[PDB]
Amino acid sequence: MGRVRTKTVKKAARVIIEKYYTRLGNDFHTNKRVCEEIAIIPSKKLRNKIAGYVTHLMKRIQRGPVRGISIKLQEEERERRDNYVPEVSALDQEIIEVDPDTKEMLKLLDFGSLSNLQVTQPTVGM
Amino acid sequence: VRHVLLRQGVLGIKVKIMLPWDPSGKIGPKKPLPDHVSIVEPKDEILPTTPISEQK
Amino acid sequence: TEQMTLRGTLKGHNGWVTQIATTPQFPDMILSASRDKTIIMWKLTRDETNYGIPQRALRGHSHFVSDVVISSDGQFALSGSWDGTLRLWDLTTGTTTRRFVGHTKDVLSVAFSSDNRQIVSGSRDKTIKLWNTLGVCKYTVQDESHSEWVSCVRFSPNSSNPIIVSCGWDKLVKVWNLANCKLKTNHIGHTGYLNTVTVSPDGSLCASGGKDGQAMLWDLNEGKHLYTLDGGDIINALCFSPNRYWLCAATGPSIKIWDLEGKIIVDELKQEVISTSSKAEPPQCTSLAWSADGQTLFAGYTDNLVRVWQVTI
RNA sequence: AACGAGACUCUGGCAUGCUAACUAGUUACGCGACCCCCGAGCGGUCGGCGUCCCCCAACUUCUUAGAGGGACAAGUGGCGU
Ligand SMILES: [Mg+2]
Ligand SMILES: [Mg+2]
Ligand SMILES: [Mg+2]
Ligand SMILES: [Mg+2]
Ligand SMILES: [Mg+2]
């Protein structure tokens, strides 16, 4: 048997999805026609294997993103999550409080407010 | 392949050339190499679309 | 509340069911085309034991059967196939009496004239073709036409002005003027390729759909986008009701029905829970066709079944 | 990035779908002829046997050989970071 697609079958199927993503549905016999229209595959046997990897990749891409294919419609949802996140309109705030040996680090840099104190358990970690 | 006679025996020559896929031409052959899939891609797809309806 | 309930299932096929046809002259007969190179004429014993039995199996084809439509009288069937041919059967014996040849590539759909004098088809060839019932090709619209697969064309049961509607993959709708075969008007929008288009019995609408997920309405003499209904995932095939002001759509796994007065869902027809371990658990619905009654619809799925749904109050 | 592997070329397996055939046929009857009742019948008619003779009959299942179609780990369930 074998059935380990060669790198010339796993590179067509990767370019095709990038260029034509909105045609390539999820069944095999329609993809076998779209692929025959868009590119020039000089054989029937090769055309079918390319169109058969396209379907695998399509089923996988209807989940999370795959690391060889950069499609337009799935960039923008990452671009969003980098532009901002649903969590906060405030900063994670300046109103935060700390403990000793830093009050004296500031006493030589001149701060005077919004802090706390607790002298830690009296020997190094255990 | 060819022969060459020199005053010390014979030499032989072998030459092989690979023709450069002349599409439809006469400089090389048609029908590119089998493992040569090639993808074509057009442009001008502007999606801006509200449902307008032209009339002829 | 007019609400649909699962009446029964039909079974016996061997591939996807892709089209269903019905005709008022015979209420017990139903025609279903499939993905196994054959079409089936059923015999509806409405007993709940099995709502039907396969009466006859028409054969002769080399590939998938994309479209099927019965004559106006209920004695001829016309079917169009991915092998690039149309066959005009004889629903008494079988015996395709006439066949049509010229499309270079897969015929995706066909339609019949209500006076049974003109035949139209569209194909992966990117061309509309009009024929006599003797199988001579009467006209080919290669110019003026879509630039991609002509996925579905329909005849308008209009009073007098003969016009045919077309929907393709270049995400356009095109209305035609018969007797001159020039494009009347276009209809633009529809981000995504188109799967179907269908007109109301009187003819004022074309409920079209496709990859957009939405069903758009259009006008047949005014020429405006009336409104959009938001459908969800994808729209396989659309159909208007015979006796009411309803539109039914086959979304991916389930059916949706809308009342056009106030543009609202009547219901979603689902199917039952299964323990399937996967994405796309549901077999998808492919094409659905109302009865002549208006009291039942059949819909064909991608698991070789045809399911029957009936209205109740 | 290149070669080898693979792709490729021939062949075997499937089409009652297409193209079309006295240098391949089949079915029919136009036949007719032979033979037996071998069965209704009588012996013809109803039938049975024919690589017996025909058709300017109908067709392509069998034969031949061309164009396309078909299979992709594609569907479903497990094991896989
Ligand atoms: Mg082989
Ligand atoms: Mg053979
Ligand atoms: Mg003989
Ligand atoms: Mg072949
Ligand atoms: Mg799996």
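One is the number of the first residue shown, and numbering goes on along the chain from there.
Recorded method is electron microscopy, 3.3 Å.
Even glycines carry a Cβ here, placed using N, Cα and C.
Swiss-Prot annotations:
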- C:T5: phosphothreonine (MOD_RES)
- C:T9: phosphothreonine (MOD_RES)
- C:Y51: phosphotyrosine (MOD_RES)
- C:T95: phosphothreonine (MOD_RES)
- C:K129: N6-acetyllysine (MOD_RES)
- C:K182: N6-acetyllysine (MOD_RES)
- C:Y227: phosphotyrosine (MOD_RES)
- C:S275: phosphoserine (MOD_RES)
- C:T276: phosphothreonine (MOD_RES)
- C:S277: phosphoserine (MOD_RES)
- C:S278: phosphoserine (MOD_RES)
- C:12-43: repeat 'WD 1' (REPEAT)
- C:60-90: repeat 'WD 2' (REPEAT)
- C:102-132: repeat 'WD 3' (REPEAT)
- C:145-177: repeat 'WD 4' (REPEAT)
- C:189-219: repeat 'WD 5' (REPEAT)
- C:230-259: repeat 'WD 6' (REPEAT)
- C:280-310: repeat 'WD 7' (REPEAT)
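Swiss-Prot feature annotations superimposed on the structure.
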residue : record           : DSSP class
C:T5    : phosphothreonine : strand
C:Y51   : phosphotyrosine  : coil
C:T95   : phosphothreonine : coil
C:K129  : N6-acetyllysine  : strand
C:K182  : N6-acetyllysine  : strand
C:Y227  : phosphotyrosine  : strand
C:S275  : phosphoserine    : coil
Residues from the same chain, set at least six apart from the ends of the repeat 'WD 2' (C:60-90), whose C-beta lies under 8 A from its own: 15, 18-19, 21-23, 25-26, 29, 31-35, 37-39, 96-101, 103-112, 114-116, 119, 121, 123, 131, 133, 135
Contacting positions for the repeat 'WD 7' (C:280-310) when only residues 6+ beyond its ends and CB under 8 Å are counted: 4-11, 13-24, 27, 30, 32, 34, 51, 236-237, 239-244, 248, 250-255, 269, 271, 274
Composition by DSSP (helix, strand, coil) of residues within the repeat 'WD 5' (C:189-219): 0 helix, 13 strand, 18 coil
Distance from C:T276 (phosphothreonine) back to C:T95 (phosphothreonine), taken between C-alpha atoms, in Å: 42
Of all listed modified residues, namely C:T5, C:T9, C:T95, C:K182, C:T276, C:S277, those lying near chain B with CB under 8 A: C:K182
Residue from C:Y227, C:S275, C:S277, C:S278 whose C-alpha is spatially nearest that of C:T5 (phosphothreonine), among the modified residues: C:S275
Which listed residue (C:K129, C:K182) has most other Cβ within 10 Å, given these are modified residues: C:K129
Neighbour count (Cβ, 10 Å) for C:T95 (phosphothreonine): 9
Among C:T5, C:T9, C:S277 [modified residues], residue with fewest other Cβ within 10 Å: C:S277
DSSP-assigned states of the repeat 'WD 2' (C:60-90) in counts, ordered helix, strand, coil: 0 helix, 15 strand, 16 coil
Candidate modified residues C:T9, C:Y51, C:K182, C:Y227, pick with smallest Cα gap to C:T276 (phosphothreonine): C:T9
Proximal residue to C:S275 (phosphoserine) among modified residues C:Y51, C:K129, C:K182 (C-alpha distance): C:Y51
